[PDB]
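Presented as structure tokens, the chain that follows is alone, the form deposited in one PDB entry.
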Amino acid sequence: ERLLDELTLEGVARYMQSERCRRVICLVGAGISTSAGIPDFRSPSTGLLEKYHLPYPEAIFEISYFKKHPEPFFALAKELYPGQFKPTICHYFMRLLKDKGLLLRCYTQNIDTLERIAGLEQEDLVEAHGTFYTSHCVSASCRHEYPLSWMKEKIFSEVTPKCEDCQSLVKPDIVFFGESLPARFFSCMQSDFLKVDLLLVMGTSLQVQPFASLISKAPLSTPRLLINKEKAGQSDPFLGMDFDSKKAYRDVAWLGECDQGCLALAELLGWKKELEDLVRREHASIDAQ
């Protein structure tokens, strides 16, 4: 009846190497970048400011506040700026998917740019919450684009970034609270899920909407593999993924560190040496910058 011959990582790998599995969508969250040292910016456990005299805590991340008082956000950005941008094994696993002609799209909730550094191109990515990779002047008639190196030196020198052409504020291309979500998120979702053969859901607790609803856009037959520290995505009994019931037929949970799960899957696929070689090479290159 079902595409997976069994509801295990081993069944997923067999399916991936069969003729039926041509197009993979990855859905990724903060869990794939924590081993790179990037904290989960939506987790209350991370330290996300009395000196700023905010009308309410969340105002640091609302667009209309930021546009009037951008200094609190950029002071926070300095505190949190990563010491290094080194993608994880999981990011390079997706680069291997791309190399092998299997990656339809990576939808990411992360703003940390590590997908791009690892070699995913614009066409491969839906950055559902934007990115720090680029920044734009906020004036609608200007919209001059600035690269991350430019924005980095403003953040560290503690100079509020202003546009060289028009002297308006320049904002990192992340989606602030109160901003529209990207049109590309909705356009790609309407097309990609007609074509997907496998969903790889990695490092997300599937608690943030509308990103979490992407799992319900897959065709009914499409297997869904969760690689995550904790099971996630099941329907909420107070009001989905079905891993464990007698009716389960396509969803598989691999519980552990995302890097270790991708390593395990690569090893089943015969890709472990390729993945190790890519990661060691790219890490060596980043370390040598």
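From 1 onward, residues are counted along the sequence shown. Here the rigid core means the biggest group of C-alpha atoms that line up within 1.5 Å when the two forms are laid on top of each other.
- Gaps at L239 occur in at least a third of the other compared entries of the protein that contain both adjacent residues.
- Coordinates are given for every residue of the deposited sequence from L220 through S221, so that no gap is recorded there.
- In this entry, no coordinate-free residues of the deposited sequence separate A36 from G37.
- Comparing 102-110 with 157-165, the higher mean C-alpha B-factor in the PDB entry belongs to 157-165.
- Annotation for 148-156 versus 183-191: the higher mean temperature factor (C-alpha) is found in 148-156.
- Comparing C-alpha B-factors across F211, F93, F132, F73 in the deposited entry, the largest value falls on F73.
- When the C-alpha B-factors of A128, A118, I174, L80 are ranked from the entry, the top spot goes to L80.
- Annotation for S216: CA B-factor lies in the lowest third of the chain's modelled residues.
- Sorting the modelled residues of the chain by their CA temperature factor places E282 in the lowest third.
- When all modelled residues of the chain are sorted by CA temperature factor, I63 is found within the highest third.
- In this PDB entry, the Cα temperature factor of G240 sits in the top third of its chain's modelled residues, the highest group.
- Sort the modelled residues of the chain by CA B factor and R14 lands in the lowest third.
Same protein, other form: the form deposited in another entry, not shown, and the subject of what follows.
- Here the rigid core is superposed between this form and the one not shown, and of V196, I215, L76, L96 the C-alpha of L76 is the only one to shift by 2 Å or more.
- With the core held fixed, the Cα of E121 is displaced between this form and the one not shown by less than 2 Å.
- Core-superposed comparison between this form and the one not shown: the CA of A36 stays below a 2 Å shift.
- Taking the rigid core as fixed, one finds a CA shift for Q260 smaller than 2 Å between this form and the one not shown.
- The pair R42 and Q122 is at least 3 angstroms farther apart at the CA level in the other entry than in the present model.
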